[PDB]
There are 4 protein chains.
Amino acid sequence: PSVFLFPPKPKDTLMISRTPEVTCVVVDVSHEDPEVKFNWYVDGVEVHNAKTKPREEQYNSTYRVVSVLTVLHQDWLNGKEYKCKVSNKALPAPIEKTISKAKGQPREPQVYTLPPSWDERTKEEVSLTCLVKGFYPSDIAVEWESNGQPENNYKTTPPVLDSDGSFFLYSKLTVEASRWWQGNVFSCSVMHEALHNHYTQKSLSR
Amino acid sequence: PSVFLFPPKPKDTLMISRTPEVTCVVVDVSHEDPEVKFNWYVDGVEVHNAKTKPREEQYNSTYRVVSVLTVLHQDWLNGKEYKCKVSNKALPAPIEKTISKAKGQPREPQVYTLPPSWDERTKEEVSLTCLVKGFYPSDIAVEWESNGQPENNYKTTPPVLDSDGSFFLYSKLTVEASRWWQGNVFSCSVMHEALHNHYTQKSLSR
Amino acid sequence: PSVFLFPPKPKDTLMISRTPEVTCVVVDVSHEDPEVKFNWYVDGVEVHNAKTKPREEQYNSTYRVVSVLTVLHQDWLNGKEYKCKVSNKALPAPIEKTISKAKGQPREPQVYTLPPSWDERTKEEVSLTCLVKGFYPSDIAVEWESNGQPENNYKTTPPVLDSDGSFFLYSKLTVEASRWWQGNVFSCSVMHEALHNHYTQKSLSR
Amino acid sequence: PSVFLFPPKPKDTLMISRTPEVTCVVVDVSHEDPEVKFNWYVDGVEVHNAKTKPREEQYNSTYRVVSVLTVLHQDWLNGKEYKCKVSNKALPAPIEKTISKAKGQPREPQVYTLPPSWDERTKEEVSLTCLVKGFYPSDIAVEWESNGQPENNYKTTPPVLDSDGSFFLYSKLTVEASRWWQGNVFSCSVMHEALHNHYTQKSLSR
C-alpha cells in the first residue's frame, strides 16, 4: 500500500468562513487486513481531534481509506507540519508523510488588469485578462465579479514558477462584447496571504 | 511495475528540423530483476530498429528504464497508434499501452498579444503577454523572438481546457523596460497543426 | 527520347505536412517502344517501391511517361542526391540526370514590407509589396495573409540572382482600397531554411 | 529537322537606333544534306531582305542553320504575321512556322516608385524599388539612371502575369546610404509600346 497527504484548499485557510482540513488518502489496500490506522502528529503532538473514516464510494470496489483533520487557520499560516502515520499489517514499514506551507518569506501578488486586444474587438465574445504575479506561496484564489454579483465563463491557469522563484498566473474572463463596449465594470478578485486582509480587488472597464 | 507512454514534443512534430519521438517510461521496475524488454508496435506491425534504449537509474531506490521510438512527422500527425509492450520478470503478463494523436477536429489557434500594463510602467522590467485560445489538439508550442534571434525570459502556461471544448494558454516575456520603450518589436511565435503553414506570429511594439 | 529531372517544390521541402517528390519526365518516346523502365538510385542505394509510374499520350503523336520518387524532408534539405534512369529504345546509357539541393552556405532572407505608393492612393485597389532579399539557398516559400486567414490575389516573382550571389524576389498583394484605408493589418509569411524556425513574418497597415 | 522562330527583343522593338530582327532556327539538319532554303513572307508578300547565316556544327553531328529578317518597328508592333518557309532535300514537304506580336489590346504600364523601407534605413546600402504593373504585351524594357548618367547594380524581375490578365514586374536598384539621404534624384525609365513615345520616366528622392 501507498499513502498521499493532500493539503487544504487555499481559500479556506485565508477565510474564517470555512474549515481548513488536510486529507490523508491510503490506496491499494487489499482486503487481507484493512486495519488502517491514522496517527496524526500535528507538530509534535500525537493526539488527534480526528474525523470519520468515510471510505467514500467504490472504484474497483473502494478499498480506499481517508481520514481528515481540521487544521487551524493560524497553524498553517505559521508554517508548521502535520504528519500522517499509516500502519498496516501488510506494510513491513509504516508510511509517514509530512505537509507544511511553502517555507519561505511570503510575497504579495501584484495584480494587473489587462484589457482586450485590438484583434478581439470585432468578435461576439471578448476575453478579459487578469495577471497575478509575484506571490511566493503558490496558494491563491482568483474570482471574477461584475457590479458586485458573481460571473461565470471564467477559467484560471495553475500557478507557474518564474525566474525570481515566485509564481504567476492568468485568469481569463469570456464576456459578450455587448457588455464590455457598453461600459460595464468587471473585477478581478485575488485572495492570497500577503494581501491586506487576504483580499484585493482590481476593477476593469472602458 | 508501471509503464507510461508520452507523445512527441509539439515543436518536434510540427518542424522539419527535428525528429519526433513517442517515449515509453517503465517506472519502479525492480532491483531484483532489472531486465526489461521493449516491443514497439505501430498500427499492428512491429518496428524494431526504430527505437533506442536509454539506460537509466534512480534515487527512489528502484530504477527507471525508458525506450523512445522515432516516428515520421506524417505518421504521428495521421491517425496512427503506437503500442509499447513492456515485459519484465516482476510482471505476470506484459503491459501493453497504446497512444496516438488527439482524434478530433483540428481547431485553429487565435494569437492575442496584450501589451504591458500601465502599472508596470516606471518599473525596471515589464512583462508582455500572449493569449492563445481556441486550439483543440492541445499539442502546441509557443516561443518569443525579437529581431530574428530568440528570447529566454518567457514562461508559458499549461494548456487549460475552456468551456468551448477549446484550449488556451498564456505566455509571459519579461524584458528590460528600456528595450520596450526604445520601440523594439517583440513577436509571439506559435506552432500548431491547425494553422495554415503550421505557424503564425503576432507582433508587439510601441 | 528525351528525359528531364524535376526537383521538389520549395514549400514542400520546408513544410512537414506535404510529400516532396522528384519527377522524371521522358518525352518523345516512340510507339514501337512504349515501355520505359525507370530505376531510381538515392545516394547509390536503389529504391524501387518509392516509385509510382502512370501513363498517357500527347498531341505530338509522341508519348509522355512519368515516374515520381517521394523524397524525405530531411534528405533534400541535407543535400542528398537523387537519380532517375530511363532506358527505352536503343541508348543502353540511360541517363546522366541527377538532382540535389544547391550547395552553398545558406543565407538568411531579409523581409522588407513597403507600403503602397502615393499615386496608388486615389485608386480602387492598392498594391502591397514584400521585398525578400539576401537568401543563398534560393528555395523559398512566400505568401501574404491577414487576420490569420490566407489571402488570394497575391503574386510573387520567381527568385532572381543578385550581385552578391544571393537571391531576391518580390511579392505583390492586391487588396481593395477600402480594406487598406479602414485599418486592417496585412502580413508577409516567408519560409526559408536559414530563418530561425524556418518561418518569419513582417506586417503592414494604415 | 525541327524549325524554330524567335521574335525580336523588347528593347529594340521600341527604339529606332536598333535593328529589330526575326530569327528562323532550323535544327537537326544532318551532315548528309544541309542546304536549307529559307523563304520568308511577311503578311503574304515574300521578301528577299533575309540573310541566311553559315551552317554551324554541334556536338550531336547535327547542323543548325539560321536566317535573320530585318523588320519594321511599326510592322512588328502593328501585329504583322511573319512566316518562315524552310525547304530541305531530306523532308517531304516544306516546314512553315509563323510568329506575330502578342495579339491583345495593348495596356499601358502603371509605374510607381517605392522608396526604401524603415527596416532598411540602418544599413550601409539601401534598395530603391520600381513597380511596373498593368501592361499587356509582355515586351517591356526597364532602366535606372541618376543625375542623367546611366546606372549600374539594378536587377529587374521577369514579367509576371497577374489575375487581371496583364503583367507586372519589379526593378531594384541598390545604392549606398549616402546617395539616398543626400536627396539625389533617381529615375526609373520604362519603355512599353502602349506608352506614348514608347518611353516614360518616374522619379524617387527623399
# chains A, B, ... in the order shown; residues from 1 in each chain; ligands from 1

$ interface_residues --of "chain B" --to "chain D" --cutoff "12 Å" --atoms "only C-alpha atoms" --output "short mmCIF file (atom, residue, chain, number, x, y, z; two decimals) with N, CA, C and O atoms, in the first residue's frame"
data_model
loop_
_atom_site.label_atom_id
_atom_site.label_comp_id
_atom_site.auth_asym_id
_atom_site.auth_seq_id
_atom_site.Cartn_x
_atom_site.Cartn_y
_atom_site.Cartn_z
N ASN B 147 13.78 40.70 -33.27
CA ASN B 147 14.86 40.97 -34.21
C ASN B 147 15.51 39.67 -34.68
O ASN B 147 16.73 39.52 -34.66
N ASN B 184 11.66 48.69 -29.67
CA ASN B 184 11.96 47.35 -30.18
C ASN B 184 10.69 46.52 -30.30
O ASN B 184 9.76 46.64 -29.49
N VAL B 185 10.65 45.68 -31.33
CA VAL B 185 9.47 44.88 -31.64
C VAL B 185 9.70 43.44 -31.18
O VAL B 185 10.73 42.83 -31.49
#

$ residues_around --residues "residue 126 in chain D" --least-positions-apart "6" --cutoff "8 Å" --atoms "only C-alpha atoms" --output "MDAnalysis selection string"
chainID D and resid 116 120 174:177 180

$ residues_around --residues "residue 205 in chain A" --least-positions-apart "2" --cutoff "12 Å" --atoms "only C-alpha atoms" --output "list in words"
residues 113, 114, 115, 116, 128, 129, 146, 147, 177, 179, 180, 181, 182, 183, 184, 185, 186, 187, 188, 202 and 203 of chain A

$ residues_around --residues "residue 28 in chain A" --least-positions-apart "6" --cutoff "7 Å" --atoms "only C-alpha atoms" --output "PyMOL selection string"
chain A and resi 1-2+63

$ select_by_dssp --residues "range 41-173 of chain A" --states "alpha helix (DSSP H)" --output "list in words"
residues 73, 74, 75, 76 and 77 of chain A

$ write_last_selection --atoms "N, CA and C atoms" --output "short mmCIF file (atom, residue, chain, number, x, y, z; two decimals), in the first residue's frame"
data_model
loop_
_atom_site.label_atom_id
_atom_site.label_comp_id
_atom_site.auth_asym_id
_atom_site.auth_seq_id
_atom_site.Cartn_x
_atom_site.Cartn_y
_atom_site.Cartn_z
N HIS A 73 -6.44 27.74 10.98
CA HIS A 73 -6.04 28.77 10.02
C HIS A 73 -4.68 29.36 10.38
N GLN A 74 -4.44 29.56 11.68
CA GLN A 74 -3.21 30.18 12.16
C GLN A 74 -2.04 29.20 12.08
N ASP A 75 -2.31 27.91 12.34
CA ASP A 75 -1.23 26.92 12.35
C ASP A 75 -0.64 26.74 10.95
N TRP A 76 -1.50 26.67 9.93
CA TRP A 76 -0.99 26.54 8.57
C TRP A 76 -0.27 27.81 8.16
N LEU A 77 -0.79 28.96 8.59
CA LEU A 77 -0.18 30.25 8.28
C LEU A 77 1.17 30.42 8.98
#

$ residues_around --residues "range 34-49 of chain C" --least-positions-apart "5" --cutoff "10 Å" --atoms "only C-alpha atoms" --output "PDB file with N, CA, C and O atoms, in the first residue's frame"
ATOM      1  N   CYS C  24      10.422  12.529 -62.921  1.00  0.00           N
ATOM      2  CA  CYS C  24      11.247  12.148 -64.070  1.00  0.00           C
ATOM      3  C   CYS C  24      10.368  12.000 -65.306  1.00  0.00           C
ATOM      4  O   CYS C  24       9.683  10.987 -65.470  1.00  0.00           O
ATOM      5  N   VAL C  26      10.003  11.608 -69.292  1.00  0.00           N
ATOM      6  CA  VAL C  26      10.581  11.236 -70.580  1.00  0.00           C
ATOM      7  C   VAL C  26       9.559  11.592 -71.666  1.00  0.00           C
ATOM      8  O   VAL C  26       8.416  11.118 -71.630  1.00  0.00           O
ATOM      9  N   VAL C  29       8.937   9.599 -76.762  1.00  0.00           N
ATOM     10  CA  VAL C  29       9.187   8.174 -76.948  1.00  0.00           C
ATOM     11  C   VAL C  29       8.349   7.722 -78.133  1.00  0.00           C
ATOM     12  O   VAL C  29       7.479   8.462 -78.609  1.00  0.00           O
ATOM     13  N   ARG C  55       0.746   6.474 -67.034  1.00  0.00           N
ATOM     14  CA  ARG C  55       0.978   6.519 -68.476  1.00  0.00           C
ATOM     15  C   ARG C  55      -0.071   7.405 -69.138  1.00  0.00           C
ATOM     16  O   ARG C  55      -1.122   7.691 -68.557  1.00  0.00           O
ATOM     17  N   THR C  62       3.677  11.683 -80.135  1.00  0.00           N
ATOM     18  CA  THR C  62       4.606  11.076 -79.187  1.00  0.00           C
ATOM     19  C   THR C  62       3.878  10.709 -77.893  1.00  0.00           C
ATOM     20  O   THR C  62       2.708  11.047 -77.687  1.00  0.00           O
ATOM     21  N   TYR C  63       4.579  10.004 -77.009  1.00  0.00           N
ATOM     22  CA  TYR C  63       4.057   9.630 -75.705  1.00  0.00           C
ATOM     23  C   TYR C  63       4.907  10.292 -74.631  1.00  0.00           C
ATOM     24  O   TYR C  63       6.071  10.635 -74.859  1.00  0.00           O
ATOM     25  N   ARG C  64       4.307  10.495 -73.462  1.00  0.00           N
ATOM     26  CA  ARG C  64       4.986  11.081 -72.315  1.00  0.00           C
ATOM     27  C   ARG C  64       4.760  10.158 -71.123  1.00  0.00           C
ATOM     28  O   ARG C  64       3.615   9.840 -70.790  1.00  0.00           O
ATOM     29  N   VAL C  65       5.852   9.685 -70.524  1.00  0.00           N
ATOM     30  CA  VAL C  65       5.811   8.766 -69.393  1.00  0.00           C
ATOM     31  C   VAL C  65       6.470   9.437 -68.196  1.00  0.00           C
ATOM     32  O   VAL C  65       7.493  10.114 -68.340  1.00  0.00           O
ATOM     33  N   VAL C  66       5.890   9.245 -67.013  1.00  0.00           N
ATOM     34  CA  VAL C  66       6.322   9.953 -65.813  1.00  0.00           C
ATOM     35  C   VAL C  66       6.543   8.958 -64.676  1.00  0.00           C
ATOM     36  O   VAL C  66       5.834   7.951 -64.565  1.00  0.00           O
ATOM     37  N   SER C  67       7.541   9.241 -63.839  1.00  0.00           N
ATOM     38  CA  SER C  67       7.839   8.442 -62.658  1.00  0.00           C
ATOM     39  C   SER C  67       8.243   9.381 -61.531  1.00  0.00           C
ATOM     40  O   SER C  67       9.155  10.199 -61.695  1.00  0.00           O
ATOM     41  N   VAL C  68       7.551   9.272 -60.398  1.00  0.00           N
ATOM     42  CA  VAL C  68       7.762  10.133 -59.242  1.00  0.00           C
ATOM     43  C   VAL C  68       8.392   9.314 -58.125  1.00  0.00           C
ATOM     44  O   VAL C  68       8.045   8.146 -57.916  1.00  0.00           O
ATOM     45  N   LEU C  69       9.330   9.936 -57.417  1.00  0.00           N
ATOM     46  CA  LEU C  69      10.019   9.346 -56.274  1.00  0.00           C
ATOM     47  C   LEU C  69       9.820  10.271 -55.085  1.00  0.00           C
ATOM     48  O   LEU C  69      10.438  11.339 -55.018  1.00  0.00           O
ATOM     49  N   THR C  70       8.970   9.861 -54.147  1.00  0.00           N
ATOM     50  CA  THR C  70       8.718  10.652 -52.952  1.00  0.00           C
ATOM     51  C   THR C  70       9.982  10.715 -52.097  1.00  0.00           C
ATOM     52  O   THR C  70      10.495   9.680 -51.653  1.00  0.00           O
ATOM     53  N   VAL C  71      10.498  11.930 -51.892  1.00  0.00           N
ATOM     54  CA  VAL C  71      11.716  12.149 -51.117  1.00  0.00           C
ATOM     55  C   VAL C  71      11.344  12.428 -49.667  1.00  0.00           C
ATOM     56  O   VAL C  71      10.179  12.694 -49.353  1.00  0.00           O
ATOM     57  N   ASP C  75      16.279  14.505 -46.069  1.00  0.00           N
ATOM     58  CA  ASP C  75      17.335  14.248 -47.052  1.00  0.00           C
ATOM     59  C   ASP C  75      17.578  15.459 -47.948  1.00  0.00           C
ATOM     60  O   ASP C  75      18.714  15.943 -48.055  1.00  0.00           O
ATOM     61  N   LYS C  80      21.184  15.532 -50.056  1.00  0.00           N
ATOM     62  CA  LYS C  80      21.306  14.221 -50.684  1.00  0.00           C
ATOM     63  C   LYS C  80      20.998  14.306 -52.179  1.00  0.00           C
ATOM     64  O   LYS C  80      20.307  15.218 -52.648  1.00  0.00           O
ATOM     65  N   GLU C  81      21.533  13.342 -52.931  1.00  0.00           N
ATOM     66  CA  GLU C  81      21.440  13.325 -54.386  1.00  0.00           C
ATOM     67  C   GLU C  81      20.446  12.266 -54.845  1.00  0.00           C
ATOM     68  O   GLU C  81      20.399  11.164 -54.286  1.00  0.00           O
ATOM     69  N   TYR C  82      19.651  12.609 -55.866  1.00  0.00           N
ATOM     70  CA  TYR C  82      18.590  11.753 -56.391  1.00  0.00           C
ATOM     71  C   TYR C  82      18.842  11.481 -57.870  1.00  0.00           C
ATOM     72  O   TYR C  82      19.271  12.374 -58.605  1.00  0.00           O
ATOM     73  N   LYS C  83      18.573  10.247 -58.307  1.00  0.00           N
ATOM     74  CA  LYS C  83      18.881   9.814 -59.669  1.00  0.00           C
ATOM     75  C   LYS C  83      17.720   9.027 -60.255  1.00  0.00           C
ATOM     76  O   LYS C  83      17.112   8.200 -59.570  1.00  0.00           O
ATOM     77  N   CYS C  84      17.452   9.255 -61.538  1.00  0.00           N
ATOM     78  CA  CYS C  84      16.421   8.536 -62.267  1.00  0.00           C
ATOM     79  C   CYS C  84      17.037   8.056 -63.570  1.00  0.00           C
ATOM     80  O   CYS C  84      17.668   8.849 -64.272  1.00  0.00           O
ATOM     81  N   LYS C  85      16.855   6.772 -63.888  1.00  0.00           N
ATOM     82  CA  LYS C  85      17.500   6.120 -65.027  1.00  0.00           C
ATOM     83  C   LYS C  85      16.455   5.632 -66.024  1.00  0.00           C
ATOM     84  O   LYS C  85      15.591   4.822 -65.677  1.00  0.00           O
ATOM     85  N   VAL C  86      16.554   6.104 -67.270  1.00  0.00           N
ATOM     86  CA  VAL C  86      15.497   5.961 -68.275  1.00  0.00           C
ATOM     87  C   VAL C  86      16.054   5.203 -69.476  1.00  0.00           C
ATOM     88  O   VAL C  86      16.801   5.778 -70.276  1.00  0.00           O
ATOM     89  N   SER C  87      15.664   3.934 -69.641  1.00  0.00           N
ATOM     90  CA  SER C  87      16.166   3.097 -70.734  1.00  0.00           C
ATOM     91  C   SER C  87      15.003   2.566 -71.566  1.00  0.00           C
ATOM     92  O   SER C  87      14.228   1.732 -71.088  1.00  0.00           O
ATOM     93  N   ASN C  88      14.907   3.008 -72.829  1.00  0.00           N
ATOM     94  CA  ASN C  88      13.773   2.689 -73.702  1.00  0.00           C
ATOM     95  C   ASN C  88      14.219   2.015 -74.990  1.00  0.00           C
ATOM     96  O   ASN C  88      14.481   0.802 -75.014  1.00  0.00           O
ATOM     97  N   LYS C  89      14.240   2.798 -76.076  1.00  0.00           N
ATOM     98  CA  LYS C  89      14.694   2.360 -77.386  1.00  0.00           C
ATOM     99  C   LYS C  89      16.158   2.717 -77.557  1.00  0.00           C
ATOM    100  O   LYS C  89      16.528   3.888 -77.429  1.00  0.00           O
ATOM    101  N   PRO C  94      21.339   5.133 -70.053  1.00  0.00           N
ATOM    102  CA  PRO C  94      20.000   5.701 -69.855  1.00  0.00           C
ATOM    103  C   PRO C  94      19.983   7.183 -69.502  1.00  0.00           C
ATOM    104  O   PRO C  94      19.225   7.959 -70.100  1.00  0.00           O
ATOM    105  N   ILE C  95      20.796   7.602 -68.530  1.00  0.00           N
ATOM    106  CA  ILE C  95      20.706   8.959 -68.011  1.00  0.00           C
ATOM    107  C   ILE C  95      22.073   9.464 -67.579  1.00  0.00           C
ATOM    108  O   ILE C  95      22.998   8.697 -67.315  1.00  0.00           O
ATOM    109  N   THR C  98      20.725  13.737 -62.475  1.00  0.00           N
ATOM    110  CA  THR C  98      20.861  13.652 -61.030  1.00  0.00           C
ATOM    111  C   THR C  98      20.588  15.038 -60.469  1.00  0.00           C
ATOM    112  O   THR C  98      21.056  16.038 -61.021  1.00  0.00           O
ATOM    113  N   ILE C  99      19.812  15.092 -59.391  1.00  0.00           N
ATOM    114  CA  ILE C  99      19.425  16.357 -58.784  1.00  0.00           C
ATOM    115  C   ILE C  99      19.771  16.326 -57.303  1.00  0.00           C
ATOM    116  O   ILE C  99      19.842  15.266 -56.677  1.00  0.00           O
TER     117      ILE C  99
END

$ residues_around --residues "residue 9 in chain C" --least-positions-apart "6" --cutoff "10 Å" --atoms "only C-alpha atoms" --output "list in words"
residues 19, 20, 21, 22, 139, 140 and 141 of chain C

$ write_last_selection --atoms "C-alpha atoms" --output "CSV table (one decimal), in the first residue's frame"
chain,number,residue,atom,x,y,z
C,19,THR,CA,5.1,15.0,-49.7
C,20,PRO,CA,8.1,16.4,-51.6
C,21,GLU,CA,8.7,14.4,-54.7
C,22,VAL,CA,11.1,14.5,-57.6
C,139,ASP,CA,14.4,27.6,-52.1
C,140,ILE,CA,11.8,29.9,-50.5
C,141,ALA,CA,8.1,30.0,-49.9

$ select_by_dssp --residues "range 9-154 of chain B" --states "strand (DSSP E)" --output "ChimeraX atom specification"
/B:21-28,36-42,45-47,51-52,63-70,81-88,95-100,110-114,125-133,141-145,154

$ atom_distance --atom1 "CA of residue 118 in chain C" --atom2 "CA of residue 201 in chain C"
24.6 Å

$ residues_around --residues "residue 164 in chain B" --least-positions-apart "4" --cutoff "10 Å" --atoms "only C-alpha atoms" --output "ChimeraX atom specification"
/A:153 /B:134,136

$ closest_residue --among "C:171, C:23, C:197, C:156" --to "residue 143 in chain B" --atoms "only C-alpha atoms"
C:197

$ atom_distance --atom1 "CA of residue 151 in chain A" --atom2 "CA of residue 189 in chain A"
11.2 Å

$ atom_distance --atom1 "CA of residue 30 in chain A" --atom2 "CA of residue 92 in chain A"
14.3 Å
